[PDB]
Amino acid sequence: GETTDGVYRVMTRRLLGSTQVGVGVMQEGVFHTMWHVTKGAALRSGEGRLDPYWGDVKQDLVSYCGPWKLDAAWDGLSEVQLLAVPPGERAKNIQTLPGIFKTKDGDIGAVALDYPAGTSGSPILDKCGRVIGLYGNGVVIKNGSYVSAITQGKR
Amino acid sequence: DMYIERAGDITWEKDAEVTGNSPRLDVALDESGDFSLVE
Ligand SMILES: Nc1nnc(-c2cccs2)[nH]1
């Protein structure tokens, strides 16, 4: 299957027609997505198979063909870009200044952008094009708007 | 079964649309990986 680095849609034919359930990142021969997109299932890439290699429900992350390779982090100051890949629509970059999720175990960057659930797994990038995390696990705040954590693994 | 399809390169776009606010929120993360607001 296709091993070229880049952003990919994650699709299924189980439901009506062809449905986009999420998005992921191919980097250094490893496919990276959120756990809630695949539930840890195997994936097809052309005539090839991608098997899960590492995953964690609490982090809501999963890697295929090898260990998690994405290690860039938001610097806490600069604007970033969501490389949003929505269902049935072209990849589009949106620039934003992240907010913060404050937890009992430390702070994480968060982006306040709302896209269909099938956009989950889209990469958030820094100014050098490095992936600092994936979009799609977050919360619905007071006024009903969606805010996603910038979710990053550990390399 | 699930399958993947390429959608693009991972690059920063010079002069992209700039939007969204930057809220500072107190949140909790449960064992199921769900985030919730703390008040
Ligand atoms: N309530 C709500 N609004 N947007 C969402 C999501 C966007 C990407 C993954 S879930 N969920």
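Protein sequence lines, in the order shown, are assigned to chains B and A. Be aware that the first sequence starts at 16, since it is given in the authors' numbering, and climbs by one per residue. Be aware that the second sequence starts at 50, since it is given in the authors' numbering, and climbs by one per residue. Heads up, the beta-carbon is just placed ideally off N, CA and C, and yes, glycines get one too.
Quick check: what's the CA-CA separation for residue i versus residue j?
{"i": "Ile147 of chain B", "j": "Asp141 of chain B", "result": "7 Å"}
{"i": "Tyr161 of chain B", "j": "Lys107 of chain B", "result": "19 Å"}
{"i": "residue 9 of chain B", "j": "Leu85 of chain B", "result": "With chain B covering 16 to 170 only, the question about residue 9 of chain B has no answer from this structure."}
{"i": "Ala56 of chain B", "j": "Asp50 of chain A", "result": "8 Å"}
{"i": "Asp66 of chain B", "j": "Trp83 of chain B", "result": "13 Å"}
{"i": "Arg73 of chain A", "j": "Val87 of chain A", "result": "12 Å"}
{"i": "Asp122 of chain B", "j": "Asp90 of chain B", "result": "12 Å"}
{"i": "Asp129 of chain B", "j": "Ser135 of chain B", "result": "11 Å"}
{"i": "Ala88 of chain B", "j": "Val36 of chain B", "result": "26 Å"}
{"i": "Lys54 of chain B", "j": "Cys143 of chain B", "result": "31 Å"}
What is the C-beta distance between residue i and residue j, in whole angstroms, given that I count them as a contact (C-beta under 8 Å)?
{"i": "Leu112 of chain B", "j": "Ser137 of chain B", "result": "About 18 Å; that fails the 8 Å criterion."}
{"i": "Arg55 of chain A", "j": "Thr19 of chain B", "result": "7 Å"}
Look up residue i in the DSSP assignment and give the residues it is bridged to.
{"i": "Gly37 of chain B", "result": "B:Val25"}
{"i": "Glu54 of chain A", "result": "B:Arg24"}
{"i": "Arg59 of chain B", "result": "B:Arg64 and A:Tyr52"}
{"i": "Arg73 of chain A", "result": "B:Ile115"}
(Q) Can you confirm whether the region 62-81 of chain B touches the region 118-134 of chain B when touching is taken to mean that 3 or more C-beta pairs between the two stretches lie within less than 8 Å? (A) no
Q: Could you say if the region 69-78 of chain B and the region 48-59 of chain B meet the contact criterion of at least three C-beta pairs nearer than 8 Å?
A: yes
Q) With contact counted as at least three CB pairs below 8 Å, one residue from each stretch, are the region 150-158 of chain B and the region 65-73 of chain B in contact? A) no
Q. Does the pairing of the region 23-30 of chain B with the region 65-80 of chain A give three or more beta-carbon distances under 8 Å?
A. no
Q. What are the start and end residues of each continuous beta strand (DSSP E) run of 3 or more residues lying completely inside the region 78-154 of chain B, in chain order?
A. 95-99, 107-111, 114-118, 121-126, 138-140 and 146-149
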